[PDB]
Amino acid sequence: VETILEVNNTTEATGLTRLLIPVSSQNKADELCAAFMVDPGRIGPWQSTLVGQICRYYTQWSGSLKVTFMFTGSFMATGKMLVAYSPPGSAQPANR
Amino acid sequence: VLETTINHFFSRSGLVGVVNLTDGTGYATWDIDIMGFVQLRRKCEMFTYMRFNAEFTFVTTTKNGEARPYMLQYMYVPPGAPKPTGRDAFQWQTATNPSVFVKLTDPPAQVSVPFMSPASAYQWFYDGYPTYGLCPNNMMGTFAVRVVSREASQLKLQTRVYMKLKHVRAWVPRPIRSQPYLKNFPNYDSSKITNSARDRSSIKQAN
Amino acid sequence: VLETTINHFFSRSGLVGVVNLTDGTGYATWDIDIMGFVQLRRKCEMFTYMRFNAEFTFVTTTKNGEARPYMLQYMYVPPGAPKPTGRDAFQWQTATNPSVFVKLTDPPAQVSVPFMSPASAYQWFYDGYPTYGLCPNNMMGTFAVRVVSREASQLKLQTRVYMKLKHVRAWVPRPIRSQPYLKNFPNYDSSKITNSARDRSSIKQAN
Amino acid sequence: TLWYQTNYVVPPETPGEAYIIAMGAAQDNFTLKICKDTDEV
Amino acid sequence: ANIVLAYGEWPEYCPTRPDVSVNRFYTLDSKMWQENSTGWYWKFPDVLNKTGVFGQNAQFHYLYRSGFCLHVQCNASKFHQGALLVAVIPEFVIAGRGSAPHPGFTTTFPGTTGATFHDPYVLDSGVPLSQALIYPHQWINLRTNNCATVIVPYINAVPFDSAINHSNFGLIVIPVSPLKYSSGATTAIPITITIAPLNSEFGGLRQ
Amino acid sequence: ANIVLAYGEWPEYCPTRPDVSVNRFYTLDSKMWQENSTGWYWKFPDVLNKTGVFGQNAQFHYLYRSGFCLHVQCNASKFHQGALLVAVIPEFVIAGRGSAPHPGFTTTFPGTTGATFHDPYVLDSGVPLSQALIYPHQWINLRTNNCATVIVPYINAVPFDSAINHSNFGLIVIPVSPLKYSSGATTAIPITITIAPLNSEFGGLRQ
Amino acid sequence: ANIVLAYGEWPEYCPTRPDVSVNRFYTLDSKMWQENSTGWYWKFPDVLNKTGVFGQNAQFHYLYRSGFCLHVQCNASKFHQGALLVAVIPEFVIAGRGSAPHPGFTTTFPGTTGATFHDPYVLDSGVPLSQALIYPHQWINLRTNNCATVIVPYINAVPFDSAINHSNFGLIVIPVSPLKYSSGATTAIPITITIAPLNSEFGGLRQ
């Protein structure tokens, strides 16, 4: 079952705002919006979802994960977003 | 395909209580509850309705550890039945309260309490009035311990109860708790709120 | 036709560790490993991949030998799970760590740890980086011992673990070692090299 | 990673700041082995 | 469209089953979603306890059992942005927030007006809101859809229970994305809820 | 002729399987067998990690699985005498020689150049070289044959593993009979190795 | 919809035809259409000459032949007005503007970033832009459609030619209608291009 990741778990963030990735008009293209790792057992954004909580009751896991992004902006506002998945062992890309 | 089932998810014995005898009080009671310890409370509260049979094992020991062959009585008091008040009180001899007589040197006593709620399933989230919202539908009984003897000895004891669930079914899953527990009521701290995820440097750093 | 099979070649219980309690540290841990002793290390290293279930027996004794009926707890900590740090630490009461409660006077405790490596077989020769070349794929867990008691006794203990393999399969045989062992790494001595055959007088003398 | 591919265009009289929520799950390929006790408690 | 069947189950028949005007559509007062809003909840038996025929039946019948057809609509413009999670929470036990307070009837059973969330992050129950999608839920995005239909059957461990002292489930709407608008726009947009009690049964006609 | 099938198994298919030029023949630099030579070894995934298409695939794919067709040829004259053992050693863990040193990447993963044996008698692993014929091996006798073909399938406990941090097997050539020659002959004769990766699969295309 | 087949011809097969990830979708950096913008052009072999697998193939293969699936999208709001002509120009020879200068590699082969038009009216080639609709073209009107799909086959007098020193065709986007907006709107709107090289063939594998 789909469950919200806390990708905005950085500091100086209140309760509800920690679940939201902030996108703005005053951000250039080819720029990074947000990044988070995929492994749910290790602490981080997946510490908030349900699959990252159930998998902490086990030791090992193996399968395909599904990640969903849902946009909450004005119906009159559009844009584009590149969602890239970096395979394990590769460092975080520095360029789009 | 077997380690993820509810039956396997819940079937593992574990400490659910600590009981101390003194035999100067002489006896010691322990009301059966799952939410005594945080680790197992966090697991059963993940669901709404559960239906299972509980197996209780009593690993009793002396203060030092050595076990003289003293005789023990573990009495199960189902809900509704009055609990023993003294070492020599008349509720110990009641035939309708099941009892187990074991020695200190004997292996631990093990009994099986079936699903015997008035309803068709247990529930630890009751929304309404009978935080409050406590349901008498899940009491599961009581356990009482004493040493049987025509004279009150001076033995000091400490009992450990291990409970194991089987034939367990669950309905209506719900989120696992993240706030620290404050024993029956899901009270939390308004000010001290622990974010479910640890803080990192910035949203643009994967690590 | 039966004493040469791998199953028969490996199925014999034998001392794989020595553990000492003190109960002034109070407890004592022992990480499960096959290469603790040279005799069994030289046998499993003859192959590359092995897949088996291990049976552990704990023959615990007192310093003198006499056994008062003290109660014992053998806790199995699978890899990943934190190991107990103290006698009264909270990892002892964890329900997910299987535990065995036996008395000193009781027969030795015996348990069966299955093949539970993340891979499809064990391997003690790992060529690469995760001498080095240590593979976390074969940890097999841990064993922890303590006396359960509301008060810390003064008993001194010494535990002996006997491990037996069954349902054992092996792949890719390799030479048996000849150099003396130096505990995880196949380090040897460059200068002190022991020839696999004893020296004789001359090559022309049969004896 | 989430990349600003082009931009966030916005019509006049409309906020120039939106939000994205990320939600995750598992699939029919997910299996779990060997139970353990959590450390969130 | 936006049709959701809670747990793939339909409200159903097993008492007195009126089903003439008790199954009509009751529409609660609209909630004004503001930029500082924190969310609201409704305990459903309590919601309809004074709404005409259903109120009369529920207050004057001891036992009750029925499903519900739910329609949550948020009337927003195309220049408004925000998101709203609409989930039904069986036995939504509202908890206290004492660092032991015992809420109050205005919170536990808020009536047809509903009550606001003091701490939406913890759902006023100590459980993180991120995992609240385990319940039968529906996203309302002002950019995509306005109607959120949930059909919830009867979820209880007993076939019947009182509609005055017990809350079968709670309906929560939470602005996970804060409402944002430009100058001159409607500073508070409405959220409308309609209730259709399918397959209602009542018993025990008290005065 | 001189065809040998390692363990009677063929490299096989279960990812991306290029098999266009990744299966071509890569020929490593010739090794100059001298009279004081001690032997060389090659960890194969490491060998091809920078050889064109295979290098590109291996370095930029997380997982990898393939067999290998091996051809070791020693170009010697009829006036040269000596013997050469060509064995493939699954998980050839090169060990240290501290009487605790931890080798170094130049030794553990020597690259396409290979590394020499410091103590060929103990195989730099503490195991005597005499028993090294248990592995899939081939004798090269300068008096009889020059080509030594070994076809080694994928030998691993897991279907796939990284080709950069793990060495599937090692190929060793050792002059068990020292090279001897008269005056005026070629004082160092070459040994040539060609590699054909049959049935290559790659997965996890990292940058 | 918006499907256009250039010259009613499909990219086709006649070398090494990878067609695993060389046919994937490469998305160039978005171009910020401004009110003073003059247009941009992309020489396609040059565009993909450093984009992963296609870049590796093109730079290290002498000959090359393939079609292309093109998708130009302009993400604009309903309050923005403007028009954009998207045409593919076989052998788009960018010319100089000396009243004899010889452009420069930054202009002739601009890379994946592209280059702007100095004089869009003359197409930087001396030919009037009005007649540029003779080429396979597509109008992008911010009031009607956003996606502009062109499928261009291989257009060359020779079946194969180098992908590094010759540009098969150029893709031009030109704001024939200047972008206009009111106060507070996005002053620069993006244009996104995705490339799918159908039916790719490569030959002459240079180092």
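Don't worry about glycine lacking a Cβ; one is built from the backbone with ideal geometry, like all the others, and counts go over all protein chains shown. Nothing in this text is a laboratory measurement; each read-out follows from the coordinates by a stated rule.
With θ set to phi - 60° and the Karplus curve 6.51 cos²θ - 1.76 cosθ + 1.60, what are the ³J(HN,Hα) couplings of the range B:68-79 in order, to the nearest whole Hz, using x for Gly and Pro?
Per residue, the Karplus-derived 3J(HN,Hα) values read 6, x, 7, 9, 10, 10, 9, 9, 9, 9, x, x Hz.
Taking every residue in B:163-173, how many Cβ atoms of other protein chains lie within 10 Å of its Cβ, on average?
Mean shielding count: 2.
Please give the Cα centre distance for the range E:33-48 versus the range G:1-19, rounded to the nearest Å.
57 Å
Could you name the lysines in cross-link range of B:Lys183, using Cα to Cα under 19 Å and dropping any fewer than eight places away on the same chain?
In chain and number order, the partners are B:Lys43, B:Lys192.
Rounded, prolate or oblate: which fits the protein assembly as shown when a ≥ b ≥ c are the square roots of the eigenvalues of the alpha-carbon gyration tensor, with rounded for a/c under 1.5 and prolate only if a/b beats b/c?
oblate
Can you give me the long-range amide H partners of G:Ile189? Hydrogens built in the peptide plane at 1.01 Å from N, cutoff under 5 Å, separation of 5 or more residues or another chain.
Sorted by chain and number, the residues that satisfy this are G:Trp33.
Would you please classify the overall shape of the range G:1-112 from the alpha carbon gyration tensor, given that a ≥ b ≥ c denote the square roots of the eigenvalues, rounded means a/c under 1.5, and beyond that prolate means a/b larger than b/c while oblate covers the rest?
Oblate is the answer for the range G:1-112, as a/c is 1.5 or above yet b/c matches or exceeds a/b.
Which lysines have a Cα lying under 18 Å from the Cα of C:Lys83, excluding residues fewer than 8 positions away in the same chain?
D:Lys36
Counting only residues 5 or more places away or on other chains, whose amide H sits under 5 Å from the amide H of G:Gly170 once H atoms are built in the peptide plane?
The list, which skips near neighbours in sequence, is G:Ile89, G:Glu91, G:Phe92.
Any idea what the E:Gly111 label distances to the other copies are, label 7 Å down the Cα→Cβ vector, nm, shortest first?
Reported distances to equivalent positions: 7.0, 8.3 nm.
What is the minimum Cβ-to-axis distance for chain B, in whole Å, where the axis maps B onto C, and to which residue does it belong?
For chain B, the closest residue to the axis carrying it onto C is B:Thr105, 7.
Roughly how many whole Å is it from the C-alpha centroid of the range C:180-207 to that of chain D?
Using only Cα atoms to place each centre, the spacing works out to 62 Å.
In sequence order, what are the phi-derived ³J(HN,Hα) couplings for the range B:11-24 according to the Karplus relation 6.51 cos²θ - 1.76 cosθ + 1.60 with θ = phi - 60°, rounded to whole Hz, with x for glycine and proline?
7, 6, 5, x, 5, 10, x, 10, 10, 10, 8, 10, 6, x
What does the net charge come to around C:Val147 if you take all other residues with beta carbon closer than 15 Å to its beta carbon, with K and R at +1 and D and E at -1?
Value of the local net charge: +4.
Work from the charge dipole of chain C (Cβ charges, +1 for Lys and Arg, -1 for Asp and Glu, about the Cα centre) and give the residue of C:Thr96, C:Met71, C:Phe37 farthest towards its positive end.
C:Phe37
In nm to one decimal, list the spacings between the C:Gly14 label point and its equivalents in the other copies, with label points set 7 Å along Cα to Cβ, shortest first.
In ascending order, 3.9 nm.
Suppose every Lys and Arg Cβ carries +1 and every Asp and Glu Cβ carries -1, with no other charges. What dipole size does chain G come out with about its Cα centre, to the nearest 20 debye?
It comes to approximately 360 debye.
What is the dipole size for the protein assembly as shown, taken about its Cα centre, with +1 at each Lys and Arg Cβ and -1 at each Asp and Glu Cβ, in debye to the nearest 20?
Its charge dipole is roughly 2540 debye.
Need the list of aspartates and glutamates near C:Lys204 for cross-linking: C-alpha distance under 14 angstrom, and skip anything on the same chain fewer than eight residues off.
Counting by Cα, and skipping residues close in sequence, C:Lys204 has no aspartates and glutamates nearby.
For C:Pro114, what charge total do you get from the other residues with a beta carbon under 13 Å from its beta carbon, if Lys and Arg give +1 and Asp and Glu give -1?
With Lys, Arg at +1 and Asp, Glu at -1, the net is +1.
Report the number of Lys pairs in chain G whose alpha-carbons are under 23 Å apart, with separation of 8 or more residues or on distinct chains.
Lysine pairs meeting both conditions in chain G amount to 5.
In nm to one decimal, list the spacings between the G:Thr194 label point and its equivalents in the other copies, with label points set 7 Å along Cα to Cβ, shortest first.
Ordered by distance, the counterparts are at 3.9, 4.6 nm.
For C:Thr85 and G:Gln207, what is the calculated FRET efficiency with R₀ set at 60 Å and r taken between the beta-carbons, to the nearest 0.05?
The value I calculate is 0.50.
Give the separation of the Cα centroids, the range F:186-207 to the range E:74-149, in Å.
What the calculation gives is 62 Å, centre to centre.
How would you classify the range F:69-178 from its alpha-carbon gyration tensor, with a ≥ b ≥ c the square roots of the eigenvalues: rounded for a/c under 1.5, else prolate if a/b is greater than b/c, otherwise oblate?
oblate
Can you give the local net charge around C:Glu45? Use residues other than it whose beta-carbon is closer than 15 angstrom to its beta-carbon, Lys and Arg +1, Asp and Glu -1.
+3
List every residue whose amide H lies under 5 Å from the amide H of G:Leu205, counting only residues 5 or more places away in sequence or on a different chain, with H placed 1.01 Å from N in the peptide plane.
G:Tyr62
Please compute, for the alpha-carbon atoms of chain C, the extent along each of the three principal axes and give them in descending order in Å.
Principal extents (Cα only, largest first): 73, 41, 40 Å.
In deg cm²/dmol, rounded to 500, what helix-only [θ] at 222 nm does chain E give when every DSSP H run of at least 4 residues adds -39500 (n - 2.57) and the total is split over its residues?
The per-residue figure over chain E is -2000 deg cm²/dmol.
Along Cα→Cβ, 7 Å out, is where each label goes; now give me the distance between the ones at A:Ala84 and F:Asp19 in nm to one decimal.
3.2 nm
Rank G:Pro128, G:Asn75, G:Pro197 by how far each Cα sits towards the positive end of the charge dipole of the range G:60-207 (+1 on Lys, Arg Cβ; -1 on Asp, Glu Cβ) and give me just the farthest.
G:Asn75
Counting residues in chain G as N, plug N into 2.2 N^0.38 Å and put the Cα Rg over that result.
1.03
Quick one: in chain E, whose Cβ comes closest to the E/G rotation axis, and how close in angstrom?
E:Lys78, 5
Along the charge dipole of chain G, pointing to its positive end and built from +1/-1 on Cβ of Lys, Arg, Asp and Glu, which listed residue (G:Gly111, G:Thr187, G:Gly96) has its Cα farthest out?
So the residue we want is G:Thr187.
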